[PDB]
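The data below hold one chain only, encoded as structure tokens and taken in the form deposited in one PDB entry.
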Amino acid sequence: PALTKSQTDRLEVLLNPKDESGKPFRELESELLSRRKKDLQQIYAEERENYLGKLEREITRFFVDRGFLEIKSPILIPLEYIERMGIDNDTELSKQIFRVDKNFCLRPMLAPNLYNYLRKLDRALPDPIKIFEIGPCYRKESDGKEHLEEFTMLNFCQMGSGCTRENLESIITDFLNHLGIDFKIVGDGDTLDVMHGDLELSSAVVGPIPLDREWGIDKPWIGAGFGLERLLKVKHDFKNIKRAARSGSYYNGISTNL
């Protein structure tokens, strides 16, 4: 008769964005199951590349080509960096942190080590210094429609000449027109927000900023952080952020429970 809520939830899991009443649950399920099996078969026959990995690689050629240096820093950082990042029980990120042992934790962001790389590289590189990093980041979350506790972050930045907000926005714009993601910047050192509809695609800043001193920076800098899973959720039009996440439940948005 009418599909139950549970059968609906099930059919949605097998339902891809691009898909388009009458038959019972058993057949509708069977129709989707063969469709999904066919998609996986096609992926395996030709492409064989994972979305996350593919994006990370396209994002990387993008910044490397535009002159940024590719950084791969630790994911398991000293807990101290969280304090030194100006994150006390004052902010939300306070408990959002996955503590490992007593002296470590899971980098909830890329800033700490990108700061370190800027201080150190200034002693050897011409102006301006341009660097980026793409990688695993962690934050405990209560929601789960746009938040994953384990996700991938892209953080790029420049220090020295050219660190103007006109330029920061120009990188943000070339970037996203390259990926093919509609966006809107919103602001008023500075703090911008790159939004996709009601979804935060990125928060960027134009420094210097007071914190800069705690890391030994002291120069003008520009920069921004984007979530790879969110860029994916937009590009592929997935209803839930889970379809673009590292998972044992979906591959390139296709359910693995067939």
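The first residue of the sequence shown is number 1, and the count goes up from there.
Not on display, but discussed next: the form deposited with a small molecule bound.
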Just to confirm the contact call: exactly one of 111-119, 177-185, 97-105, 68-76 touches the small molecule in the bound PDB entry at a 4.5 Å heavy atom cutoff, so which is it? 111-119
is_contact(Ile209, the small molecule) in the bound PDB entry, heavy atom dist at most 4.5 Å: yes
Hey, in the bound PDB entry, is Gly225 touching the small molecule, heavy atoms inside 4.5 Å? yes
Using heavy atoms and a 4.5 Å limit, would one call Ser203 a contact residue for the small molecule in the bound PDB entry? yes
With the cut-off set at 4.5 Å between non-hydrogen atoms, does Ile82 touch the small molecule in the bound PDB entry? no
